[PDB]
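*Asks:* only the shape, not the letters, is given here:
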Ligand SMILES: CO[C@H]1O[C@H](C)[C@@H](N[C@H]2C=C(CO)[C@@H](O)[C@H](O)[C@H]2O)[C@H](O)[C@H]1O
């Protein structure tokens with residue numbers, strides 16, 4: 001039967017999955033068409049990046065209406081059909097909860113801008129007087145995650161500059177005041193609304209956000225690279241009461257709803273508090289995602305994930321915010337900055353390592369989140385033309401930080417077609433341009449090739465379901481620091497040879513016959529940069 005503990009979740013970046021309407025934008029009609037492909041791959045659930053009404057200044061994470069689907073993606077009726085079709089295929093459905101902030105076009109925030117200092121409208125956000133004799137300094141020294149100030153100054157109704165409002169992310173994403181009672185009430189209503197439509201749970205955006213220190217103190221570390229975690233801006237005690245309330249709400253349903261947090265905090269003990277039994281079910285294990293190709297760093301990150309997750313963490317190797325794994329591992333090897341390195345990526349090296357890494361991560365106890373396109377071995381499109389970039393990171397850095405658009409390129413479905421089957425002929429230009437070579441990675445081509453990245457993922461998910469029991473914990477076979485990672489789970493032994501020479505496992509690891517491998521191999525040595533799953537006799 002289905003279990004969240006062992007779920008393999010396909011992350012659907014809807015804008016770039018499949019364009020059924022022919023407007024150049026991935027949409028719900030396209031997702032409906034592609035659900036058969038997700039289930040055939042072997043996945044257990046889908047998580048949709050936010051598809052609510054949004055001006056797309058942060059591509060869905062700036063929400064203007066939490067109770068409606070963006071008209072570019074479809075109607076609520078089409079959404080209901082997607083949910084029922086997914087369910088009919090056995091796929092559970094996670095939506096994306098974005099409650100730290102809303103779009104500046106949300107009706108509440110437009111009302112706040114039009115209201116006076118001290119109004120209730122502004123009290124639902126974080127508006128403060130500026131510092132300096134004319135208020136020209138921001139109220140404190142906080143940085144936007146996307147670069148620049150975390151505050152924007154507004155014009156008051158006398159036409160002169162006045163108060164500033166806080167935005168942890170883009171200027172167009174004002175942060176709520178989570179101490180204002182209307183905010184919590186609104187988000188309980190949002191949860192209930194979507195749960196009523198059969199949504200099975202939420203991925204929680206900025207789960208370390210929502211509450212800040214009520215005094216909004218300056219970060220003593222400053223703005224610089226090694227300023228450190230801004231303790232006043234994130235990860236406050238009140239956020240745990242919030243998740244207790246959401247968990248209690250979700251636990252009233254049968255089956256109970258599911259919550260996975262997107263949490264970025266440095267301390268594993270701080271992270272673990274989000275996963276206490278009355279709070280969130282899980283959180284992405286980002287330590288592994290940011291590691292370079294290195295056996296020792298992988299092992300340490302896996303150890304951290306297993307402790308924080310109490311034995312069944314939520315693993316992921318890529319998402320819509322970081323460089324694709326084929327690029328990360330194909331580059332020369334040296335928090336989130338580690339997953340956004342620039343420089344030449346060797347495609348064959350990156351594909352080899354990405355295959356081995358997928359095979360390793362899918363053997364770990366717990367759940368696994370596959371970002372769309374990773375099952376095709378897509379590289380990051382680093383050479384996107386300047387003019388095509390849309391990520392606020394690009395604009396706010398004046399072009400000195402590339403941003404995330406290179407992992408959001410519309411997927412290739414067929415070798416043929418001007419958009420590689422992402423849309424039909426008659427369709428508008430795609431919202432981000434696909435490179436001329438994307439057709440080489442087409443899903444249909446890979447499905448027909450037993451050696452493809454897609455076929456490897458299909459084999460892994462099939463073998464994971466038949467041979468890997470969720471109740472069997474890791475028994476480490478290799479020692480700390482080894483260049484070859486090896487463990488046993490029940491009667492399956494997993495070996496990842498991170499190095500460039502073949503490796504012969506010591507006979508004490510058992511009498512092994514191979515189940516699958518991320519490369520060819522009929523010997524008992526593990527080829528370079530290869531993962532092998534074997535049955536233990
Ligand atoms: C290092 O992580 C930081 O930067 C990341 C980009 C953020 N990720 C989420 C936060 C926002 C803001 O809604 C969207 O722009 C991202 O796509 C979403 O996945 C993290 O919450 C934030 O802590």
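*Replies:* Structure received. Numbering: from 1, shown residues only.

*Asks:* residue contacts, the closest residue to the ligand within the stretch 301-450 of the chain?
*Replies:* Residue of the stretch 301-450 of the chain nearest the ligand, by Cβ to the nearest ligand atom: residue 336 (3.8 Å). Any C-beta I mention is one placed from the backbone N, CA and C, and that applies to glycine too. Going by Cβ atoms under 8 Å, 6 or more residues apart in numbering, residue 336 touches 264, 286, 290, 321, 322.

*Asks:* between those, which has the most around it?
*Replies:* Using other Cβ atoms under 10 Å as the neighbour criterion, residue 286 leads those with 25 neighbours.

*Asks:* and that residue, how far is that from residue 317?
*Replies:* 10 Å (Cβ to Cβ, to the nearest Å).

*Asks:* please apply the same query to residue 109.
*Replies:* The spacing between residue 109 and residue 317, counted by Cβ to Cβ, is 36 Å.

*Asks:* correct me if wrong: residue 356 contacts residue 496.
*Replies:* Yes. Look at residue 356 against residue 496 with Cβ atoms under 8 Å: they come within range, at 5.8 Å.

*Asks:* enumerate the residues of the protein near the ligand.
*Replies:* 58, 61, 98, 145, 169, 205, 206, 262, 264, 320, 321, 336 (Cβ under 6 Å from any ligand atom).

*Asks:* so what pairs up with residue 202 in the strands?
*Replies:* According to DSSP bridges, the partner residues bridging residue 202 are residue 95, residue 259.

*Asks:* who are the neighbours in contact with it?
*Replies:* 94, 95, 96, 97, 191, 194, 257, 258, 259, 260.

*Asks:* so what's the backbone phi/psi at residue 377?
*Replies:* Dihedral pair for residue 377: phi 60, psi 30, per degrees, to the nearest 10.

*Asks:* repeat that for residue 406.
*Replies:* phi -70, psi -10.

*Asks:* so what's the residue count around the one residue in the stretch 101-250 of the chain that gets nearest to the ligand?
*Replies:* Closest to the ligand within the stretch 101-250 of the chain is residue 206: 4.0 Å, counting by Cβ to the nearest ligand atom. As a burial measure, residue 206 scores 21 neighbours (other Cβ under 10 Å).

*Asks:* report the contact partners of the residue nearest to it when sequence neighbours are not counted.
*Replies:* Closest residue to residue 206 apart from its sequence neighbours, by Cβ to Cβ, 6 or more residues apart in numbering: residue 100 at 4.3 Å. Residue 100 sits next to 168, 175, 176, 205, 206, 209, 210 when contact means Cβ under 8 Å, 6+ apart.

*Asks:* among those residues, which are in strands?
*Replies:* Using DSSP state E, no member of those falls in strands.

*Asks:* and which of those residues is nearest to residue 518?
*Replies:* Distance to residue 518 across the contacts of residue 100 (Cβ to Cβ) is lowest for residue 205, with 32.3 Å.

*Asks:* burial count for the closest one?
*Replies:* Residue 205, neighbours per other Cβ under 10 Å, totals 20.

*Asks:* tell me which element residue 288 falls in.
*Replies:* Element membership of residue 288, judged by DSSP states H and E, is helix 286-289.

*Asks:* who touches that helix?
*Replies:* 263-264, 298, 300-302, 304-305, 315-319, 322, 335-336, 339, 361.

*Asks:* residue in this structure with the shortest distance to the ligand?
*Replies:* Closest point on the chain to the ligand, by Cβ to the nearest ligand atom, is residue 61, at 3.3 Å.

*Asks:* show the contacting residues for the residue of the stretch 101-250 of the chain closest to the ligand.
*Replies:* By Cβ under 8 Å, 6+ apart, the residues touching residue 206 are 98, 100, 101, 168, 262.

*Asks:* and residue 512, by the same measure?
*Replies:* Neighbour list for residue 512: 493, 505, 524, 534, 535, 536, 537 [criterion: Cβ under 8 Å, 6+ apart].

*Asks:* got it, and residue 119?
*Replies:* So residue 119 contacts residue 112 (Cβ under 8 Å, 6+ apart).

*Asks:* likewise for the one 3 residues further on?
*Replies:* Taking Cβ under 8 Å, 6+ apart as the definition of contact, the neighbours of residue 122 are 112, 115, 116, 163, 165.

*Asks:* equivalent analysis for residue 515, please.
*Replies:* 463, 467, 492, 533, 534, 535.

*Asks:* could you dump those to a markdown table with distance to residue 432, secondary structure and neighbour count?
*Replies:* Listed next are those as a markdown table, based on distance: Cβ to Cβ, whole Å; DSSP: H, G, I helix; E, B strand; the rest coil; neighbours: other Cβ atoms under 10 Å:
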| residue | distance to residue 432 | secondary structure | neighbour count |
| --- | --- | --- | --- |
| 463 | 35 | helix | 18 |
| 467 | 39 | helix | 16 |
| 492 | 40 | strand | 20 |
| 533 | 36 | strand | 25 |
| 534 | 42 | strand | 23 |
| 535 | 44 | strand | 15 |
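
*Asks:* between which two of the residues you listed is the distance greatest?
*Replies:* Maximum distance among the contacts of residue 515 (Cβ to Cβ): 11.1 Å, for 463 and 534.

*Asks:* that older thread, neighbour count for the contacts of residue 122 - can I get that in TSV?
*Replies:* Below are the contacts of residue 122 laid out as TSV (neighbours: other Cβ atoms under 10 Å):
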residue	neighbour count
112	23
115	15
116	12
163	23
165	22
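
*Asks:* could you list which of these belong to helices?
*Replies:* If you go by DSSP state H, the contacts of residue 122 have residue 112 in helices.

*Asks:* ok, residue 411 - how many residues close by?
*Replies:* If you count neighbours by other Cβ under 10 Å, residue 411 ends up with 26.

*Asks:* the one 4 residues further on too?
*Replies:* Taking other Cβ under 10 Å as the criterion, the count of residues near residue 415 is 15.

*Asks:* ok, residue 221 next?
*Replies:* Using other Cβ under 10 Å, residue 221 has 13 other residues around it.

*Asks:* apart from its neighbours in sequence, what residue is nearest it?
*Replies:* Once flanking residues are discounted, residue 221 sits nearest to residue 227: 3.5 Å by Cβ to Cβ, 6+ apart.
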